Amino acid sequence: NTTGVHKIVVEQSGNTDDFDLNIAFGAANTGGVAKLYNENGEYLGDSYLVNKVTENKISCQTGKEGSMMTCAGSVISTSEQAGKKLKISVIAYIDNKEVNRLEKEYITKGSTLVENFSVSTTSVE
Numbered sequence: 031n032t033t034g035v036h037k038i039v040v041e042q043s044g045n046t047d048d049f050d051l052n053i054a055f056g057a058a059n060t061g062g063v064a065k066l067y068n069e070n071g072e073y074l075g076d077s078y079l080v081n082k083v084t085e086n087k088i089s090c091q092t093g094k095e096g097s098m099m100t101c102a103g104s105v106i107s108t109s110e111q112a113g114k115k116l117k118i119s120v121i122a123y124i125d126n127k128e129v130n131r132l133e134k135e136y137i138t139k140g141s142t143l144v145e146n147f148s149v150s151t152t153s154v155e
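For the sequence shown, the authors' numbering gives the first residue as 31, with consecutive numbering after it.
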């Protein structure tokens with residue numbers, strides 16, 4: 031069964047001040063639209079959108095009847111200096127069992143860097 035607590039953790043490290051990290055989370059339950067919760071179990075709404083993430087770790091999860099979760103993100107550089115690095119890890123879980131992972135490293139070239147990513151708990155290999 032694919033039904034359980036669907037969770038996606040986004041982590042950033044490096045020159046975090048020289049980038050803008052924008053992430054959006056969406057999920058589905060066996061009943062319909064899923065409620066979203068943070069690590070402390072606080073309700074976030076049915077869509078969780080964080081613009082210019084300042085935290086080094088962002089987490090989003092469903093209830094026990096979750097069927098899917100998607101995380102879409104964008105990385106935009108805010109520096110004219112080349113060689114600024116951002117490390118991103120996107121880890122997907124179903125009942126605290128890792129089901130998917132994306133590891134990315136972004137490096138500035140002097141021009142505006144516009145990068146995107148999309149990770150889901152139900153992505154087929």
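Don't be surprised by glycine CBs; every beta carbon is placed ideally from N, CA and C.
#1: Using three-state DSSP, classify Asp76 as helix, strand or coil.
#2: Does DSSP put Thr33 in a helix, a strand or coil?
#3: Count the other CB atoms, across all protein chains shown, that sit within 10 Å of the CB of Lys94; report buried if there are 16 or more and exposed otherwise.
#4: Whose C-alpha, out of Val129, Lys82, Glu128, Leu143, is nearest the C-alpha of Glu110?
#5: In the structure shown, what three-state DSSP assignment does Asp47 receive?
So, from the listed chains and residues:
#1: coil
#2: coil
#3: exposed
#4: If we check each option's Cα against that of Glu110, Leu143 comes out closest.
#5: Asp47 falls in the helix class under three-state DSSP.
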